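Student: Need a 3D model of the following:
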Amino acid sequence: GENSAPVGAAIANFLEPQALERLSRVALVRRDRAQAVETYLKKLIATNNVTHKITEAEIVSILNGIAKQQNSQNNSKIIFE
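Tutor: Numbering: from 1, shown residues only. Coordinates below:
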């Protein structure tokens, strides 16, 4: 209750009921994917990105990217030298 936000409560309220259930199902098979979804939300809110939440449409799209992200790659901002 209240606006305490221990650690995961702050991000738990930034999700959808239907989307939350989906994340639980995927985590059962691939926890790595579900871990990135929960960590991604906290990353955006903790950083500054707080203009939208994660719905069933967003969670499915991000989940697909999460699995694809782990495909032997580590270049994002270090490609200018």
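Student: going forward, measure contacts and count neighbours with C-alpha atoms only.
Tutor: Will do.
Student: what's next to the helix or strand where residue 67 lies, contact-wise?
Tutor: Assessed by DSSP states H and E, residue 67 sits inside helix 56-69. Residues outside helix 56-69 that contact it (Cα atoms under 8 Å, 6 or more residues apart in numbering): 16, 18, 19, 22, 23, 33, 34, 36, 37.
Student: neighbours around residue 27, how many?
Tutor: Neighbour count for residue 27, taken as other Cα atoms under 10 Å: 14.
Student: Skipping adjacent residues, who's closest to residue 11 in space?
Tutor: residue 42 (5.8 Å; Cα to Cα, 6 or more residues apart in numbering).
Student: what is the orientation angle of whatever helix or strand that neighbour lives in with helix 56-69?
Tutor: Per DSSP H and E: residue 42 is located in helix 31-47. Here helix 31-47 runs at an angle of 110 degrees relative to helix 56-69 (axes from the mean of the first three to the mean of the last three Cα atoms, to 10 degrees).
Student: so what secondary structure elements neighbour helix 31-47?
Tutor: Contact partners of helix 31-47 among helices and strands, from 3 or more Cα pairs under 8 Å, 6 or more residues apart in numbering; DSSP states H and E: helix 9-12, helix 17-29, helix 56-69.
Student: Sort out which residues of that helix are buried, please.
Tutor: By neighbour count on 16 or more other Cα atoms under 10 Å, the buried set for helix 31-47 is 33, 34, 36, 37, 38, 40, 41, 42, 45.
Student: for stretch 66-81, same thing?
Tutor: Residues residue 66 are the ones in stretch 66-81 that count as buried (16+ other Cα under 10 Å).
Student: Would you mind extracting the C-alpha trace of that stretch into PDB?
Tutor: Taking C-alpha atoms only, stretch 66-81 is exported to PDB below (Å, rounded to 0.1, in the frame of the first residue of the first chain):
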ATOM      1  CA  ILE A  66      15.100  -9.900 -25.800                       C
ATOM      2  CA  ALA A  67      15.700 -13.400 -27.200                       C
ATOM      3  CA  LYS A  68      17.100 -11.800 -30.400                       C
ATOM      4  CA  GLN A  69      19.300  -9.400 -28.500                       C
ATOM      5  CA  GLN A  70      21.300 -12.400 -27.100                       C
ATOM      6  CA  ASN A  71      22.800 -13.400 -30.500                       C
ATOM      7  CA  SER A  72      26.600 -12.700 -30.200                       C
ATOM      8  CA  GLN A  73      26.500  -8.800 -30.200                       C
ATOM      9  CA  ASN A  74      27.800  -6.000 -28.000                       C
ATOM     10  CA  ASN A  75      27.900  -2.900 -30.300                       C
ATOM     11  CA  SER A  76      25.500   0.000 -29.600                       C
ATOM     12  CA  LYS A  77      27.500   3.300 -29.000                       C
ATOM     13  CA  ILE A  78      31.000   1.900 -29.400                       C
ATOM     14  CA  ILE A  79      30.800   1.900 -33.200                       C
ATOM     15  CA  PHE A  80      32.300   5.400 -33.800                       C
ATOM     16  CA  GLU A  81      36.000   4.400 -33.300                       C
END
